[PDB]
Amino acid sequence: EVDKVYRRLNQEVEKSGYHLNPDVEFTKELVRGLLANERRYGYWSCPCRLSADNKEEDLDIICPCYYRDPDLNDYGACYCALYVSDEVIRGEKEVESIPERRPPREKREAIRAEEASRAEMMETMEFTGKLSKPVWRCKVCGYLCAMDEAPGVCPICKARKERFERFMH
């Protein structure tokens, strides 16, 4: 039907140094699957896995999935064998059985929640150091305050802004 998607994929991955399975009809088969999965669930859900029909919960199995590279590295193929390793293509690598590396649902949920908290921390802290203010010190009385710029005049001794200095530490 559409061979268009097969070929544009083959070129997309070859540029980046990955490889599709060299057997053509088995691969185009998987392509049909991916297409159908896109029609049915609205994302490219791994063609050889049960989709949960919820994108958020499947982000790890949208093709290419999070298991592809480790699986290529250990077994010479991704779980469906859509992709095969640079080693298999040539010789060595001996394309072989691939266990399911994806963790079970409960485990995945824990991992996500942990990545959520971790991202929130990093966000909050990055956003933080962005709004922090430098500390200014009056050179007459030593008054300290925290502002982008030193105040017009020291509320203590009245020295002008230009007589403050950035303070450390």
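Quick note: we count residues from 1 along the sequence shown, nothing fancier.
If you average the C-alpha B-factors over 137-145 and over 112-120, the higher value belongs to 112-120. Higher average CA B factor: 89-97, of the stretches 69-77 and 89-97. Looking only at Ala52, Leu131, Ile61, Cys48, the residue with the top Cα B factor in the deposited structure is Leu131. For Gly17, the recorded CA temperature factor ranks within the middle third of the chain's modelled residues.
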